[PDB]
Every structure is written in structure tokens, then in C-alpha cells.
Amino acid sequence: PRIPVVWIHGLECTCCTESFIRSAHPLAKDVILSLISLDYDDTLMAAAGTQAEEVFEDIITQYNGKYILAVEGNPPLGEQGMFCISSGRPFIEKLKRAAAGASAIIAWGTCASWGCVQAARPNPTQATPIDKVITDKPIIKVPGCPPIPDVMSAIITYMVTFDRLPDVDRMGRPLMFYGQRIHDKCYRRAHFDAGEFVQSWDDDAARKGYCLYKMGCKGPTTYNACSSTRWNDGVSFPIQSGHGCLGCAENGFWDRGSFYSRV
């Protein structure tokens, strides 16, 4: 038997679910077929409507205390929670029901971890991260917009293989992938040290891969694995393709000034 997993969705753009299916090793196919039992997921499941409600109720009842709850997105507190409606009622009610039976919770992405774009000024829906609503369960935060595909699958395989949650920093992020800054493992750091900077797009410096600090790179304040593990089977990351880090793994990154203003 495989460990039961329930995956729910609040206010979100689906980027973390899409990132998960990009995994190169293990393939998402093999995670679903061999490593976990993905027992509820609105984006992939056959059943809809009353048949999907029956799956949800049956799984959280039969496996009470024993399933992992994956959460993508967040609950809005505005309009009595009716900015996000599921089966006719506020999403927050489904979140609390699912959390009550879970052994542990994975908060995928900056939305579930912190708030992300819907929580940026002026936050019209009062979007609120999972840990401010669910206060009596272990929550592992895996931030990024979205997190790296092979980081997502590595965290899953760690938990299944070792039969334990990853060790975390003071904010609940796994030490393995969030312990160091982007700028502490960046291949352009030689240029930063030398004062060798891109000053305007497509200048001679940009064509030699010089540092993006003066173009607004937020690598120096951002914790993630993009400059080492990289993205999409190791093919690239934002800086390697010529754009500064946005700071997308960090709480409040949308409201720290323009992406093109210096750290």
C-alpha cells in the first residue's frame, strides 16, 4: 500500500501543480503510480461533482489521521470567504475539514506559504497564508512561484524513503534546498566581486554574462536552489537566461519595490 495524499486548491494560478508534472527524476508518472496514492486532485481526477465530493468524504474518513494534505493557494477572508467557493461554501471550510484529519501538511508555493500575488497591495480579497488559519498541525513550507520541479519531487521522495518530515529552518522551509541564498551559489559572483555589471539590456556586458545586480537582481536576499539544482532538468534558471532574480521565494516579494531597483 502507498501513502494516501489529498491535494486541495484555494486562490491560485495552478503553477505549482504544473511544476510537479515537469519533474525529470522521478517522473510524475512514477510518483503517482508507485510512490504515493494521489487520492484527490481537482486538476487530474476522473470524478466530478457529487462523485468527487464522495471521493473526498470517503478518503478523509477511511484514512483519518494517516493521509498527507497538500495545499496549493490560499483562503480569502473577504466577503465571508466567498471569493473562493467550493461545493457552494467557503473554501476555508474545506481547508479546515481536510486539515483536521491530516498527519502533516505540505504548503506548496509562495501562495500557500506566504500570500503571493493576490496578497500584494492592496490585497482586495484579504488572502491569508495556510499557517495563519491552521495552527495545530505540522506545516512544511516549500516556497517559490512556483517551486523548482525536481525540488518538489526530491522532497516527496525524501519523505517516502526516510519516513519522516524534512528538517526545517525557523520559517518552516526544508534546510536541504532553502538553507543558502541564490547569490551564495551564483555562477556570476566573480563578476559581482569584480564590479563587472550589466548597465542596460543587451549591452556588451550582458553578452558576456556579467552580474545583474544593477538591473535589480534580488539574489542577495532570496533563499532557494535555482543557482545549483536549476530548472527543467538542469537546463537554466532566471539569471542564466539574462533576467535578475525577482525574489519569488521570499515573503512579500511583490511589494519590495520595482523588480528593476537595486537590493
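The first residue of the sequence shown is number 1, and the count goes up from there.
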(message) Quick check: 115 to 123 versus 164 to 172, which has the larger average CA B-factor in the record?
(response) 164 to 172
(request) Would you mind comparing 146 to 154 and 125 to 133 for me and telling me which has the higher average C-alpha temperature factor in the entry? (result) 125 to 133
(message) Among the choices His183, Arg89, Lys141, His191, identify the one whose CA B-factor in the record is greatest.
(response) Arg89
(request) Pick out which of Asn224, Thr229, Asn232, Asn64 has the highest C-alpha B-factor in the PDB entry. (result) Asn64
(request) Just say lowest, middle or highest third for the CA B-factor of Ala52 relative to the other modelled residues in its chain. (result) highest
(request) Would you check the entry's CA temperature factor for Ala107 and let me know if it's in the chain's lowest, middle or highest third? (result) lowest
(request) Among all modelled residues of this chain, ranked by Cα B factor, put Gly101 in the bottom, middle or top third, i.e. lowest, middle or highest. (result) highest
(message) Sorting by Cα B-factor within the chain, modelled residues only, which third would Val71 end up in: lowest, middle or highest?
(response) lowest
(request) Among all modelled residues of this chain, ranked by Cα B factor, put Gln199 in the bottom, middle or top third, i.e. lowest, middle or highest. (result) highest
